[PDB]
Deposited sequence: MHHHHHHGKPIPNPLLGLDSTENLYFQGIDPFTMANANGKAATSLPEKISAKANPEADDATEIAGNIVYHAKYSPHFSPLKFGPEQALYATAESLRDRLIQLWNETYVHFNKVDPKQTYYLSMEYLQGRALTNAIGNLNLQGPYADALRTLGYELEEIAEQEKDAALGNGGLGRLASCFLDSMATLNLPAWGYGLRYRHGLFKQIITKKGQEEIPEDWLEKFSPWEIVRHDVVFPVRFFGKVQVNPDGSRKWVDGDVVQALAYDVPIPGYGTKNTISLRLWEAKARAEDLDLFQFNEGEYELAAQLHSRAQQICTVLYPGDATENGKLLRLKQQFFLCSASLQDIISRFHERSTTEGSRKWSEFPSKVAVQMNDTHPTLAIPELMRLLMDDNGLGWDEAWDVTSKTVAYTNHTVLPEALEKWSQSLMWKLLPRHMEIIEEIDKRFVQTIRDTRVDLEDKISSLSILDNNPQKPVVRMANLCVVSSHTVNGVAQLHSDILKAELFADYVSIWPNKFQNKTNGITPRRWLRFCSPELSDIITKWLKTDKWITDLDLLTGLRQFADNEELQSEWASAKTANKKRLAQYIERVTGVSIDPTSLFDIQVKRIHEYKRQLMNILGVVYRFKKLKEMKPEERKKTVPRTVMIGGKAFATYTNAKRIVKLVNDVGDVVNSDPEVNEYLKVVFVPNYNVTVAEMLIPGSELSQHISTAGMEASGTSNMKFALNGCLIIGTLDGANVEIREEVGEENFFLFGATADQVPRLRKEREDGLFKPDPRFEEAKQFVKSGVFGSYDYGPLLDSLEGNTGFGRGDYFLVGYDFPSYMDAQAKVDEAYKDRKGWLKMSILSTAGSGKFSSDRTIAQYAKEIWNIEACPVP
């Protein structure tokens, strides 16, 4: 009935309905008879993109006129998730859009479910990046992100009888309605080739392969602001003229299209397998391609703002932030662009580069810092190796000529490790030496960087090193994912200003004992639990009881994350439930356990752990004697959407990594913000959460990070004494109770005292008893409903500090020296 009428600025139900129908008809991607939910999604998204374009454009023009110092965030991952709910929310158009879609015959919820997540990231590195973008927008900061437009993500995880199987993502196999292609924004990116030395001493990278980098903008709208910034993504492309027709017409199709194939490879998947030289080269190509395209674009915008400019202004007008060591090549690439393409001398280009770049480190373990073969780097990126060797020459000369106390450490401090067997470039060393600031992501992590990992560098530059505690946006992670709870918070604080000033949540503490609030709290959590139930049934086929305790663990599958401990706990609780009399079973607290996460495909034990969880669920969930008191579900394809479904409905979440292994952990912060209590080790963000929410609202257990090496040494000296419940759990897994899959090889990782891959290095067995004791505390606290709801309210009430708004403001002031630039 509703007729097409374009209105790019539609802000009421009737105008918005007209604009959606306009796109359906005049921006078609389907046959015109079809107006199903999927077609309704694309039309709605295109209706919203109209407003996004207006704002993006206004923002671009304003930043152009003002010529503020601008920050560019370089990341190999962005976990954008779905864009619909967030776009509608930040434009504060919820009611009008929900009403428009109703007049067109749909519930907004159903349409929202059609959207595929943007497969542009994998883990916490990427979701941090995504949260940061939302906060940069909302704080009106002149800042952008750059990334790669990956076609297939890491992988879509499916769960079969074999356990995890890995299939390419398909989010772009029709189209993304959010992105805007910029066919004028193309930069050449080189690979391989060699260095031409000119008579005047200048140098030029020549020959090799040249790919085209094409820009796509993804608009990022701020909450309660016109300010709309960009996640500018690159697509690697060959030109038509790069296809060799002679070869094609001889039947040599692969040779004919070899440039197109190498360009496609760059944006196929994140973290392509790098056991072989091909893979190592591919990963390096992706990092270089990000770096080179992004820096060419940045330099081009710097010049475009010239009202007449001097290169001395560059580090007063540009900040480049490296998320982890993946964008390390920005350092030598910026030197290359300055000196070769722009004529600067080494000293002037170094002064610019060292004042522009900053490095954020996300790791405790020095073994985990990136290193590349010097031969591979010479092959792919000869001119950059020239620049890197010069950076290292100068640095080492300075240590030799000023720090004689460090002479014996030059072999570890240098960027180039000239080990006779496997000479490498130490990318973290390149980052620390070159960057004006280096930061960690939690206080303890940052102290560990200063005191252990980079101590000799701290000695050289005692003001280089800073902390910036991670955070999460309360838009995506509370306001938009839990609207009913958000309405309760607004009502009781008598303001909605908490959405941009999350510290206002402490105003809930005075009401934590108030039974009317506890009632409304409980109703909210229950609603979310029924929605979650529905979802889990939909996607795993298992019915789950929403009056049961929802216990959730969702992280990357990995021995140090200790999913294996959780699952052995479940196996023990199952066994005891089975042995109990039915009269005794009625005393226990019913529980639905939910584990999810992806396993790196080639990581054998991680894949065995996923298989184990599923085999355990298959048995427990189908056992009519205890399945009223316990169910276990492996939740597949964990991504932002899945987190948006689980987090609002969560009651207990598990953050149980071996102490000392986690720098941070932002999912912890999401769960705490949503009233979900944590069972956790004293590690990463758990430390700060427990501080802010109060130790009485947190379930702590396990060895502490300083005990861990002592306890490993006790194991090696044969002094470990396994708890009987742990031994019984193990045996039961080895009993055959969970089918014909031999779990013996997985569990052998927990056996013995010595050997790589043996001796329970992650202290599954040692922590097990305090872990089970904590789970007993959870049960007892759960049975006291009023006490539970009080703890849940305090958890939300104490979450203010974890806002990514706080984090980004600190970066803005202390590292980038940028400020708000609100679009009028």
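Sequence ranges 1-47, 356-358 have no coordinates in this entry (deposited sequence, numbered from 1, C-alpha basis).
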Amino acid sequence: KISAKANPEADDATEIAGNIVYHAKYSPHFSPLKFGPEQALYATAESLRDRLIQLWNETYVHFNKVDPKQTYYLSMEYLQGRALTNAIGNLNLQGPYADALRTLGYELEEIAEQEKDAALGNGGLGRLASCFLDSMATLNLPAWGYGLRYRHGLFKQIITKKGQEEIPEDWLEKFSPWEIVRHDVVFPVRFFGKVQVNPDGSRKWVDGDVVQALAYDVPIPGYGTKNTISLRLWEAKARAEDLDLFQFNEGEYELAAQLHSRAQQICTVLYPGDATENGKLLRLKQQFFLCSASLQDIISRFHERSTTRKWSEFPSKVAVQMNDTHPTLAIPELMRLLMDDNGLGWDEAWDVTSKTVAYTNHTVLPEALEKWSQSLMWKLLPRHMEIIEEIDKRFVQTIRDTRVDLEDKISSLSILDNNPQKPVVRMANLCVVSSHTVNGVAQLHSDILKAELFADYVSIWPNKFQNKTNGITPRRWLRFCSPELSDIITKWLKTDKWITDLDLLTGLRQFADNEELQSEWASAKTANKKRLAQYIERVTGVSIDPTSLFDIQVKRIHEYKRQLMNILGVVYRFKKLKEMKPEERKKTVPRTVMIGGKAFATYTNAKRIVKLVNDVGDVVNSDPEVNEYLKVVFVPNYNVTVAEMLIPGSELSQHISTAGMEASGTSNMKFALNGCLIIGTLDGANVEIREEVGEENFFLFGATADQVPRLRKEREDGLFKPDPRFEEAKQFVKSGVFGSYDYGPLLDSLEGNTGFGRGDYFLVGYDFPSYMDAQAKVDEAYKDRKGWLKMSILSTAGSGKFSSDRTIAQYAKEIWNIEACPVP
From here on, numbers count along this sequence of modelled residues.
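Taking the PDB entry as given, 532-540 carries the higher mean Cα B factor of the two stretches 532-540 and 328-336. Relative to its counterpart among 688-696 and 397-405, 397-405 has the higher mean temperature factor, C-alpha atoms as listed in the PDB entry.
Reading the B-factor column for the CA atoms of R725, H384, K237, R127 in the entry, the top value corresponds to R725. In this structure the maximum Cα B-factor among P315, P590, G471, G345 is found at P590. The deposited CA B-factor of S804 belongs to the lowest third of values across its chain.
Among the modelled residues of its chain, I815 has a C-alpha B-factor that falls in the lowest third according to the deposited record. When all modelled residues of the chain are sorted by CA temperature factor, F63 is found within the lowest third. Annotation for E77: CA B-factor lies in the lowest third of the chain's modelled residues.
When all modelled residues of the chain are sorted by CA temperature factor, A781 is found within the highest third.
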